[PDB]
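Everything on this sheet refers to the single structure shown next.
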Amino acid sequence: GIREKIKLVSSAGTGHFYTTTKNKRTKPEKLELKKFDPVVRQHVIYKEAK
Amino acid sequence: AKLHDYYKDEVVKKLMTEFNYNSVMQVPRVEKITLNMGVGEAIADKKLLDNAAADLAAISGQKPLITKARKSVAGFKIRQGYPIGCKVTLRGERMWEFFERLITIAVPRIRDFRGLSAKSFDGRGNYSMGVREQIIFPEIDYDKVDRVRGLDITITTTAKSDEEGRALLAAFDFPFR
Amino acid sequence: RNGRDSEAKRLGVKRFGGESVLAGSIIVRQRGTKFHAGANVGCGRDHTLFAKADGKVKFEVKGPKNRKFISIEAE
Amino acid sequence: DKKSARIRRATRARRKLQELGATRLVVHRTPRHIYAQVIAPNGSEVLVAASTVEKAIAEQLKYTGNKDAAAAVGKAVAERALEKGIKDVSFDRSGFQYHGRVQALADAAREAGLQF
Amino acid sequence: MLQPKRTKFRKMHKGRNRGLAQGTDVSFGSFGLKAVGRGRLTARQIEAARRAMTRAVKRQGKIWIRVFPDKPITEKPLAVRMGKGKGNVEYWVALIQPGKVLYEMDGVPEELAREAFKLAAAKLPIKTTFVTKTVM
Amino acid sequence: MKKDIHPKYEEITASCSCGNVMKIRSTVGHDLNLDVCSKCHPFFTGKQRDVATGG
RNA sequence: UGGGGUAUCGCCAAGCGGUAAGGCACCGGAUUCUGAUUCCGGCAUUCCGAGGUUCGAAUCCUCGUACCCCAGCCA
RNA sequence: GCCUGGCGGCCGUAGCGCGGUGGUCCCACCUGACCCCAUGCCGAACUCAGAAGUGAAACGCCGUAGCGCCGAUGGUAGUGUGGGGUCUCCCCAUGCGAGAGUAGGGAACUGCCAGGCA
RNA sequence: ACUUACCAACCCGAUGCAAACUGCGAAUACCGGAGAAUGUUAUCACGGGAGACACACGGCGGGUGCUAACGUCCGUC
RNA sequence: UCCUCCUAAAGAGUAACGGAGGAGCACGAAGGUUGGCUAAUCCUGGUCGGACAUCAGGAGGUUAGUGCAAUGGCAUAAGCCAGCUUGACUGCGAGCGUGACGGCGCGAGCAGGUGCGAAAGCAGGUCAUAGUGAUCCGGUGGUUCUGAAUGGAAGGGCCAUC
RNA sequence: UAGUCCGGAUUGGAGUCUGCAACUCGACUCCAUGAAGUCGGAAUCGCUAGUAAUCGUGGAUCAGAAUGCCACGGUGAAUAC
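Chains as they are written, first to last, in PDB author numbering: chain o, 4 to 53; chain S, 2 to 178; chain j, 11 to 85; chain b, 2 to 117; chain Z, 1 to 136; chain L, 1 to 55.
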């Protein structure tokens with residue numbers, strides 16, 4: 004519905020991204036989640052609420 | 002602690018004499034005194050409930066707990082979890098100090114004071130009364146009032162019957178018209 | 011105004027009492043916890059009860075609420 | 002009811018430890034005693050028990066029912082449990098907060114060798 | 001006419017009418033009009049029979065209608081094909097089995113109870129009989 | 001009680017016109033002048049003049 | 001019979017779920033010899049009836065009523 | 001042996017209600033709170049330091065069936081197979097056989113450990 | 001504040017009804033294990049070739065219909 | 001098209017223009033964990049305060065609640081509140097369920113790295129069951145795997161994804 | 001510069017006088033109360049000089065009852081193309 008799709012990109016040098024959905028209207032703030040990076044193999048901070 | 006000591010000698014002794022109790026612990030004691038100020042006009046204004054909270058903070062010696070709505074009802078234009086009153090649960094030493102100020106200097110400063118009603122027991126001894134002004138407490142500055150805000154006191158005690166609460170409260174002389 | 015129903019989900023008891031199971035085998039695919047998990051039985055995310063060890067299926071009635079457990083006897 | 006509220010606080014970890022099948026060290030705090038007993042994985046039979054109502058523990062204490070008494074009990078249960086071949090238990094705090102003298106009892110049981 | 005004030009679903013399946021009845025003794029009153037045939041009874045037949053009784057034993061006595069309709073019967077209109085939904089709720093019946101005390105009466109002599117129950121059993125579709133209040 | 005979220009509740013001394021010097025804890029933070037106390041308030045004389053009307 | 005629409009002050013007609021807006025009329029004052037015109041003030045419908053959802057219904061849903069419009073065909 | 005505490009088996013013949021009793025120990029209420037910790041206010045709860053006082057409440061135990069609960073025997077309902085009729089419903093042979101109700105039972109029984117008394 | 005042929009919540013006692021009610025609950029069927037006799041492996045897997053996918057009535061359990069139909073739609077034989 | 005109940009004959013499945021309702025999402029907390037707590041409604045007393053807003057006590061028992069239908073669940077709570085958080089992880093997966101197939105579902109455990117907890121442990125989204133769309137064609141990021149003489153590149157592949 | 005030391009209505013209490021008699025239904029006094037009203041919509045009226053405006057005083061009727069009526073004087077305008 005209204006809830007958009009975003010890419011959580013990795014803070015390490017890799018291009019690896021998780022992908023998910025955000026309500027852009029009610030939460031306009033960016034979304035930072037310490038997720039797992041399998042190219043670095045380490046839990047790195049992910050950014051970019053699209 | 003003045004009326005707590007007065008309790009521990011003369012009210013315990015007096016009620017052991019009146020009622021023919023066996024245990025010294027079967028005697029009624031006042032558990033707590035809750036001061037509610039259910040403001041309700043804070044559906045539109047927040048500073049009004051903040052001033053109410055400052056007034057219960059002054060009348061007792063504690064921060065009040067701002068209470069929220071349990072159900073939503075449309076009769077009064079409220080909603081679930083909307084903050085609508087504030088209360089202070091006084092117990093322990095501050096219960097006796099507030100009870101001393103209450104029956105000593107706050108109750109006589111009531112306008113047109115005829116007496117407190119004796120039929121204001123809920124069947125289990127627990128008294129509850131209502132003051133119409135916050136001015137009757139000597140702490141509230143008369144020059145700093147904005148809205149007249151009464152409140153309701155509730156003495157909760159460990160008596161089983163309400164005549165037993167007549168006896169307990171009346172042993173502090175607690176006016177009773 | 012009517013004329014619709016969902017597809018039948020094929021719930022129920024898949025392995026009955028005394029029936030020998032392997033580990034991992036689903037015993038009761040069900041909807042709440044009509045049957046609860048007992049010894050050597052796990053409860054999945056959709057309340058599917060599955061054999062966590064090998065053995066034999068044991069339907070029992072335990073506890074103060076008369077719940078219907080499903081154990082597995084080691085066999 | 003205070004006792005019933007405590008038992009329903011206990012129940013989740015109790016049933017979880019009966020589900021895993023681990024020997025549990027059940028504690029029990031009273032306003033003047035602490036009790037500690039090691040119970041088999043079937044839940045019925047005890048193995049080791051020490052407490053402040055035993056005069057072997059109570060005579061060497063100032064007051065049964067404070068943190069020194071509870072540390073004495075934890076040391077006692079760890080000693081007796083190591084004497085009976087029990088090494089690795091799981092701590093059942095039995096509805097109390099792991100804070101005061103149940104923490105003193107369990108820390109004292111961990112210093113004296115009991116593995117949890 | 002009798003009809004439940006407020007149902008839970010408007011249309012009921014047919015189902016069958018087997019076995020014997022539950023209301024069997026004359027419970028409230030002293031004389032009873034008990035079913036023998038199976039059948040089912042619309043609300044109009046219950047009302048017709050009750051007016052025959054109430055007229056017959058005049059405004060003395062006391063009459064209990066022990067059955068109640070509560071089962072909606074649907075019919076399709078005329079020149080409507082088969083299919084295209086279930087019909088519409090036309091009336092309401094009670095399902096009767098052999099043994100139902102359909103009516104009770106008290107406060108009259110037995111001979112007026114015979115008379116009113118004859119007068120009213122001729123408004124019902126089932127074979128019917130007269131019973132009395134037996135003591136255990 | 002918690003820390004400083006509560007108002008300062010210091011013992012003061014109240015005194016009314018009845019000669020009743022009475023020290024109490026109250027969070028006014030100031031000594032107090034009153035008129036009516038529990039001792040010497042017109043409560044019983046008030047009830048008497050209330051009942052004493054008719055004739 | 002089905003589908004759609006309407007029901008809001010005495011009349012015609014606006015209303016967005018948290019308040020009922022307009023015109024004509026009516027009421028009071030004034031102008032006038034008097035009436036019409038005019039001018040100054042007012043009032044005013046708890047919204048067709050019943051039930052339900054909602055904290056809250058004119059507003060949303062369902063049913064009934066009353067009046068309109070369209071269809072009710074091929075054989 | 002009696003009593004109390006803990007952890008279980010069992011899950012109402014075990015629970016409710018009415019009445020009586022217990023505190024040497026145990027337990028509970030209690031005493032105090034500056035500290036460990038805590039309250040969207042409050043040592044009420046949680047927690048800590050204790051032990052003056054009472055078993056009032058609580059809890060345990062003992063009575064009491066007012067109720068809940070268990071519950072036959074018999075009959076009834078239903079029904080598998082075969083057969084029959086007046087066949088939208090029933091009957092026969094045969095196998096299984098309730099629910100409700102009745103007589104009655106009934107205020108539990110028990111294991112491990114620990115402490116107090118004899 | 002004073003009277004009352006009227007209605008009536010909740011509670012209690014008694015009486016029925018329910019596909020979308022259940023503090024009870026069969027027969028049967030189904031799944032699993034063991035055992036005997038019988039059966040031309042009747043069973044399963046893999047491979048070659050299909051055909052068929054308009055069904056009908058009759059018993060039993062039902063929906064729809066009017067417990068109407070040589071009606072219609074299922075289950076089972 | 002998908003979800004729930006009944007029909008549906010006490011395993012599963014089962015039809016009709018049969019009877020009734022819902023979905024085409026929401027949520028970075030409404031997820032994870034740890035610690036705690038327990039409803040509806042009615043009665044009584046009480047300032048404004050009222051049938052119904054807050055307070056206190058009692059009866060009551062989950063008649064409540066569950067982000068949204070219905071059914072089955074739920075007190076050890078799956079309900080309600082707070083602290084810290086990102087397991088709403090990555091690669092796999094014994095074994096099963098379910099479909100003609102395409103597919104869909106449940107999953108203990110193994111490895112790497114993480115959160116909560118003192119610890120046992122729990123966490124691969126949400127009480128569960130709806131919230132959806134094959135292939136082709138093409139877009140974006142990563143990876144020399146390929147790269148029509150050769151070195152690159154273009155294009156293609158593979159992984160992620162629209 | 002305030003609904004105020006404006007305004008006095010209204011109302012409670014206490015009285016005096018006249019009069020057979022102040023309840024319906026007088027006048028005045030004292031204490032208390034202290035509304036509305038902050039210059040008046042459409043419209044409308046009077047006045048040309050001792051005038052309008054404003055300030056008091058007297059009388060007739062009358063036992064007592066005028067903010068009316070009829071008189072009397074004090075101060076004293078503006079404006080008329």
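Quick reminder that beta carbons are idealized off the backbone N, C-alpha and C, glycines included.
- prompt: Out of curiosity, what's the CA-to-CA distance linking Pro31(o) and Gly62(S)?
  reply: On the first sequence, residue 31(o) is found 28 positions in, with the first residue counted as 1. On the second sequence, residue 62(S) is found 61 positions in, with the first residue counted as 1. Taking the straight line from one Cα to the other gives about 43 Å.
query: Is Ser5(b) helix, strand or coil when you go by DSSP?
result: Here residue 5(b) is taken as the residue at index 4 of the fourth sequence, counted from 1. Three-state result, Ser5(b): helix.
message: Checking 8 Å against the spacing of the C-beta atoms, do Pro84(S) and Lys72(S) come in under that value?
response: Counting from one through the second sequence, the residue named residue 84(S) turns up at place 83. Counting from one through the second sequence, the residue named residue 72(S) turns up at place 71. Against a cut-off of 8 Å, the Cβ pair of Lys72(S) and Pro84(S) comes out as no contact.
query: Residue range of the alpha helix (DSSP H) that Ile46(Z) falls in?
result: Numbered from 1 along the fifth sequence, position 46 holds the residue referred to as residue 46(Z). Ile46(Z) -> alpha helix (DSSP H) spans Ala43 to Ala56.
Span separating the alpha-carbon of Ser17(L) from that of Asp35(L): What you label residue 17(L) is simply residue 17 of the sixth sequence in a count that begins at 1. What you label residue 35(L) is simply residue 35 of the sixth sequence in a count that begins at 1. About 5 Å.
- prompt: Do the segment 30–45 of chain L and the segment 76–91 of chain S make contact, defined as three or more Cβ pairs closer than 8 Å?
  reply: As far as the Cβ criterion goes, the segment 30–45 of chain L does not touch the segment 76–91 of chain S, which means the pair count is below three.
field: Cβ-based contacts, 8 Å cut-off: residues of the segment 127–161 of chain S near chain L
entry: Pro139 and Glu140
message: Please report the distance separating the alpha-carbon of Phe175(S) from that of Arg94(b).
response: As a first step, residue 175(S) is located in the second sequence; it is residue number 174 there, counting from the start. As a first step, residue 94(b) is located in the fourth sequence; it is residue number 93 there, counting from the start. Their backbone Cα atoms lie some 48 Å apart in a straight line.
- request: Please specify which runs of the alpha helix (DSSP H), each continuous and at least 4 residues long, are wholly inside the segment 118–174 of chain S, giving them in chain order.
  value: 163–171
task: Kindly give me the distance between the Cβ atoms of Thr155(S) and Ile34(S), rounded to whole angstroms, as I take these residues to be in contact under 8 Å.
output: As a first step, residue 155(S) must be located in the second sequence, where it is residue number 154. As a first step, residue 34(S) must be located in the second sequence, where it is residue number 33. With 8 Å as the limit, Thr155(S) and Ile34(S) qualify as a contact, their Cβ atoms being about 7 Å apart.
message: Taking beta-carbon pairs under 7 Å, can you tell me which members of the segment 94–110 of chain S lie near chain L?
response: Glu98, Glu101, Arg102, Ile104, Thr105, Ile106, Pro109 and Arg110
- prompt: Among the residues of its own chain, which have a CB less than 7 Å from the CB of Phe122(S), if the five just before and after it don't count?
  reply: Position 121 of the second sequence, counting from 1, holds the residue named residue 122(S). Same-chain partners within the cutoff: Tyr128, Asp163 and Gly166.
message: Can you tell me whether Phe97(b) is helix, strand or coil according to DSSP?
response: For the purposes of this step, residue 97(b) is taken as residue 96 along the fourth sequence, with counting starting at 1. Coil.
- request: Could you tell me whether any Cβ in chain S is nearer than 8 Å to the Cβ of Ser38(L)?
  value: For the purposes of this step, residue 38(L) is taken as the residue at position 38 of the sixth sequence. So yes, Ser38(L) belongs to the interface.
- prompt: How close, in whole Å, do the beta carbons of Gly96(b) and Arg25(b) come, if the pair is a contact with beta carbons under 8 Å?
  reply: The residue labelled residue 96(b) in the question sits at position 95 within the fourth sequence. The residue labelled residue 25(b) in the question sits at position 24 within the fourth sequence. With 8 Å as the limit, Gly96(b) and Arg25(b) do not qualify as a contact, their Cβ atoms being about 13 Å apart.
- request: Return the first residue and the last residue of the alpha helix (DSSP H) that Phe117(Z) is part of.
  value: Locating residue 117(Z) in the fifth sequence gives position 117, counting from the first residue. It spans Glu110 to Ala121 - the alpha helix (DSSP H) in which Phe117(Z) sits, taken as one unbroken run.
query: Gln116(b) by DSSP, collapsed to three states: which one?
result: Within the fourth sequence, the letter at position 115 stands for residue 116(b). Three-state DSSP puts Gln116(b) in a strand.
task: Just the chain S side, please: which residues come within less than 9 Å of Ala52(L) by C-beta, in chain order?
output: Residue 52(L) sits at position 52 when you count from the first residue of the sixth sequence. Going along chain S, no residue has its Cβ under 9 Å from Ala52(L), so there is no contact; the nearest lies around 14 Å.
task: Could you tell me which residues DSSP puts in a beta bridge with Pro84(S)?
output: Counting from one through the second sequence, the residue named residue 84(S) turns up at place 83. Bridge partners of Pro84(S) according to DSSP: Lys69(S).
task: Have a look at the DSSP bridge pairing and note the partners of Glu104(Z).
output: As a working note, residue 104(Z) is residue 104 in the fifth sequence. DSSP output for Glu104(Z) lists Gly32(Z) and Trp64(Z) as bridge partner(s).
query: Does the beta-carbon of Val21(L) have 16 or more other beta-carbons within 10 angstroms, so that it is buried, or is it exposed?
result: As a position in the sixth sequence, residue 21(L) is number 21, starting the count at 1. Result: exposed.
message: Does the CB of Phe114(S) have a neighbour CB from chain L at under 8 Å?
response: Counting from one through the second sequence, the residue named residue 114(S) turns up at place 113. Yes, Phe114(S) counts as interfacial toward chain L.
- prompt: Quick one, which of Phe20(o), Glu7(o) and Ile9(o) has its alpha-carbon nearest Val47(o)'s?
  reply: Mapped onto the first sequence, residue 47(o) falls at position 44. Relative to the Cα of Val47(o), the nearest Cα in the group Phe20(o), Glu7(o) and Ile9(o) belongs to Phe20(o).
message: Could you check whether the Cβ of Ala171(S) sits closer than 8 Å to any Cβ belonging to chain L?
response: Residue mapping note: residue 171(S) aligns to position 170 of the second sequence, counting from 1. Taking Cβ atoms only, chain L never reaches closer than 8 Å to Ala171(S), which makes this a no.
message: Looking at the secondary structure, which residues open and close the alpha helix (DSSP H) in which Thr45(L) lies?
response: As a first step, residue 45(L) is located in the sixth sequence; it is residue number 45 there, counting from the start. From DSSP, the alpha helix (DSSP H) with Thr45(L) extends over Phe44 to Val51.
message: Give me the residue from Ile35(b), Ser5(b), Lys63(b) and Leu48(b) with the minimum Cα distance to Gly75(b).
response: Locating residue 75(b) in the fourth sequence gives position 74, where the first residue counts as 1. The alpha carbon of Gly75(b) has as its nearest neighbour, out of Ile35(b), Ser5(b), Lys63(b) and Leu48(b), the alpha carbon of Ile35(b).
message: My output table needs one value for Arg25(b): the three-state DSSP class, helix, strand or coil.
response: Taking the first residue of the fourth sequence as position 1, residue 25(b) is located at position 24. Residue state, collapsed to three classes: strand.
task: Specify, as a first and last residue, the run of the beta strand (DSSP E) that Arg18(Z) falls within.
output: As a working note, residue 18(Z) is residue 18 in the fifth sequence. Counting along the chain, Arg18(Z) falls outside any beta strand (DSSP E), and DSSP gives it neither H nor E.
message: Do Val90(b) and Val39(b) count as a contact pair if the criterion is CB distance below 8 Å?
response: One-based indexing of the fourth sequence puts residue 39(b) at position 38. One-based indexing of the fourth sequence puts residue 90(b) at position 89. In contact: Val39(b) and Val90(b) (Cβ atoms closer than 8 Å).
- prompt: With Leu33(Z) and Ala121(Z) assumed to form a contact (beta carbons below 8 Å), what rounded beta-carbon distance in angstroms separates them?
  reply: Your numbering for residue 33(Z) matches position 33 in the fifth sequence. Your numbering for residue 121(Z) matches position 121 in the fifth sequence. The pair is a contact, with the Cβ atoms about 6 Å apart (cut-off 8 Å).
- prompt: Can you name the residues that DSSP bridges to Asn37(S)?
  reply: As a first step, residue 37(S) must be located in the second sequence, where it is residue number 36. The beta-bridge partner set that DSSP reports for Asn37(S) consists of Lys88(S) and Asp153(S).
- request: Can you say whether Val135(Z) is buried or exposed, counting buried as having 16 or more other CB atoms within 10 angstroms of its CB?
  value: Indexing the fifth sequence from 1 puts residue 135(Z) at position 135. Counting Cβ neighbours within 10 Å, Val135(Z) comes out exposed, since fewer than 16 surround it.
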